[PDB]
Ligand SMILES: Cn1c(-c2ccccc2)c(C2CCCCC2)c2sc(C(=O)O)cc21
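What follows is one chain in structure tokens, specifically the form deposited without this ligand.
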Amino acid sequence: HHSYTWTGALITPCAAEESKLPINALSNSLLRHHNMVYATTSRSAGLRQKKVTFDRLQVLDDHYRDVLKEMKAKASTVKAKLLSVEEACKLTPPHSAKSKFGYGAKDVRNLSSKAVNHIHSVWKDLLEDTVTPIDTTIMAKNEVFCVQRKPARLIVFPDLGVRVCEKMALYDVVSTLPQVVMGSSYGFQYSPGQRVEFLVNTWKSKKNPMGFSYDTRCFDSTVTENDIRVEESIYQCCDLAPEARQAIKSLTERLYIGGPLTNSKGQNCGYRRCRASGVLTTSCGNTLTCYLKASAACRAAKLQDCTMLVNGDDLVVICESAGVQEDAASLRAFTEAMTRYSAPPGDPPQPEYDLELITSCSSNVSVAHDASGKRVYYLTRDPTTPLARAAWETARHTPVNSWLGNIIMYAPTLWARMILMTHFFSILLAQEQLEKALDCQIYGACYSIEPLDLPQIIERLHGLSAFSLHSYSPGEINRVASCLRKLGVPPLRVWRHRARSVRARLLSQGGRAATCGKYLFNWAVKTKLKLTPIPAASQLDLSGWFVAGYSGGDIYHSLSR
């Protein structure tokens, strides 16, 4: 029952890897303490291998089976469709890993006969064989962090032809089933603003609210064969075409439950018997399993009037308090249940009685004020990681631009507005790349977005108030300022000065560039501007943006109007 077994072969890189922060002429304008930023590399994979390898034991009780029966009842109301081959390779990211069988993501997106012919053969094989383990590649991820150093996280994924097959059989299912099963508890159906609204309303609904986040140590590794088969039983509750049921059974037996691990050089590194981090079902499966085990644990701990919010392996619960001391006792019982269900904690959970002090999905609720002075709740987070990554992206082009995803998701924040928008629009202006579409990620899915569309995107997601927030909380201001001193980032006053320049430069360009200056940087001037609804914003097809999670799922979309 070990999560993994290893042969000793090394997890190898695909090309040259850098760990030290690359430095160019723009670096010091953003961050000076270069030695604090680093990128993980395959050199530390062995340490991660150690950490994710352990034995799992599961003791399933009546609460567990009761919750599951409830979930299946809701799953039975779902009707899902099979995706055509063309539909599935249109969801493939342009730079997804090429197939070992002579074609790449470009060929897939182009519907080339070679890729399409191979895909149909992979599909036919899934239908005719439900036993043979499917090969997977294991890689160390290159991710940037700030010190105080963690080893690289690993990604396990099947070949390209198989990935397109997963979409055909399960795309509709993983996009629809989660919300039907868990209702308001499914986190990925919300925009950051909608998430804040749900948390605040829930908090307010309790007479004496108490809340806690639960961090499961290496969630993927805690996922057992039982768990993966339970997930498939939920998927099979849906009204599905016969071929889809066959494909789902086959993919569960041959891929989801486990399989061999091959490095980039083609050597066998070992075997996996836990969740694969790079399959279409990683997000949905984790959310379902996290919801199941947590719901059952709440019952076991006798938690009163619980409301949960789940995003994959991330969980936050808000309930009725039973007194501070009693709540502490309740959490130990909750944790004991989770442990029995194979979901032990990394950091032990602690009860919070202030909503703003709860961090879930790396974020927390905070308050500011709009133009009218009205209090407004919004989503924020510690900016350390977003700034560390921005520093890297300042001197290196990366496959995914975290700064852009951060501006989109954290547009209302003090730090995203004053530092990220200021710094990157300055670089884009200098290279005249305002209209150059860049790749970013939202809830794990990849989107190609032109920076010029930001004002419209922001208005649609957060409302015009994102362009006028002020009087942030002392707690938030202090966290931002502390982080800047730690990283050696210039203080907010410097950013304000620079923004005025960026704004004027954008305005001088006229057109959409002007709108960017007008809306994104109104916070920079003494005499603020009007700021009315942008006409073209309504035409942006934003449906699909906040429907489901797809981390490790190999999903792409292009922004279209």
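One-based numbering along the sequence shown.
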Per the entry, how many residues of the deposited chain go unmodelled between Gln148 and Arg149: none, 1 to 3, 4 to 9, or 10 or more?
-> 4 to 9
Determine, for stretches 367 to 375 and 283 to 291, which one has the higher mean CA B-factor as deposited.
-> 367 to 375
What stretch has the higher average Cα B-factor here, 345 to 353 or 274 to 282?
-> 345 to 353
Taking the Cα B-factors listed in the entry, which of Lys79, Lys302, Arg254, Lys72 comes out highest?
-> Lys302
Going by the CA temperature factor in the entry, name the top one among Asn406, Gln431, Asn226, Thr422.
-> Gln431
Tell me, lowest, middle or highest third: where does the Cα B factor of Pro383 rank within its chain?
-> middle
Ordered by C-alpha B-factor within the chain, which third holds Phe219? Give me lowest, middle or highest, please.
-> middle
By the entry's values, the third containing the CA B factor of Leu520 is the lowest
Cα B factor band for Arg389 (lowest, middle or highest third within the chain) | lowest
Quick one: classify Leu68 as lowest, middle or highest third of the chain based on its Cα B-factor.
-> lowest
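The same protein has a further form, the form deposited with this ligand bound, not shown here; the description that follows concerns it.
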Pocket accessibility after superposing this ligand in the deposited complex (3+ atoms within 2.4 Å of backbone/C-beta) | blocked
The single option of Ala388, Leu261, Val173, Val162 touching this ligand in the deposited complex, heavy atom within 4.5 Å = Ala388
Among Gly488, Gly104, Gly270, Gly475, which has at least one heavy atom within 4.5 Å of this ligand in the deposited complex?
-> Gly488
Tell me which of 244 to 252, 292 to 300, 420 to 428, 117 to 125 has residues with heavy atoms within 4.5 angstroms of this ligand in the deposited complex?
-> 420 to 428
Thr394, heavy atom within 4.5 angstroms of this ligand in the deposited complex = yes
Quick one: is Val37 in contact with this ligand in the deposited complex, heavy atoms, 4.5 Å cut-off?
-> yes
Considering only heavy atoms, tell me if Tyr519 and this ligand come within 4.5 Å of each other in the deposited complex.
-> no
Contact label in the deposited complex: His63 to this ligand, heavy atom within 4.5 Å = no
